[PDB]
């Protein structure tokens, strides 16, 4: 079933219930996922109205871009030329700059295919918006099916050479309550290397490091508390995890990561080369979700994209988008329940 309702400030909340009784909901404010629940438990973090996102934290569950992550000094080179993007975190451009696409109301259309329902959100980033060349016509389609698969497919076309590497910013918490750390979840992740951060500014350090046999090696399932209790300087630096992991084998058919808590597990599939993992290292901030005060480590992301820092480490990839070329990306989060 599909239900559309007012979510506040003119935004809509679109809720989809599949044959299994699982409910997932989105909002056009930021082409974002708001909730995902089973047997009455939330599996992700989210708010109860549009105002909350705007007042508390506008990133959770949203589509972030045009470039996801931090860009050192807000600088990118396009066709050999230097362009300075909007700087909103000190001199860095984080998540596309201030007032970016996650804070805009996108238009959308719903398509019911029966076993699957799609919600296609669209937005135009005008040429020059926050320093980025354009215009870029973007669309993000979130879909949910009867097999409990939530898929995000992105597409974009630019009138001029530009940069483009968006991501989805859902935070999972299988405890179903923000006041509870995810340290009890088990994580598996098909990555043997990671990108260390330079310092507290969180820009990349410059190198690529092998994590095999370290506290960050999750090639074999392991509980998060391990990483959390590690003394690796990278863990200590951010007080948790806030880093890009390089996937060993690329392709949409491979389960790249798996998050498990008891009988409930989430599998991640993507066609992107990296997953940025951030464990809500918010200290005592205590943001409130559903009346529950969030705890440090009260959530975890799987941001699939090209690793941030390619401006300094080209080996990471190239986020250039040439005029007239069509950008495509796909990420899937699959829900499973043991029986």
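Residue numbers count along the first chain shown, from 1.
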property	result
70-78 versus 185-193 - greater average Cα B-factor per the deposited record	185-193
Which of 290-298 and 23-31 has higher mean CA B factor, as the PDB entry lists it	290-298
Selection by C-alpha B-factor (highest) of 160, 151, 212, 102	212
Residue selected from 204, 123, 156, 216 by maximal Cα B factor	216
Among modelled residues of the same chain, the CA temperature factor third for residue 281	highest
Record-listed C-alpha B factor of residue 97: chain third	lowest
Chain-relative CA temperature factor third for residue 91	middle
Relative C-alpha B-factor of residue 231, binned into the chain's lowest, middle or highest third	highest
Chain third (lowest, middle, highest) by recorded CA B-factor, residue given as residue 109	lowest
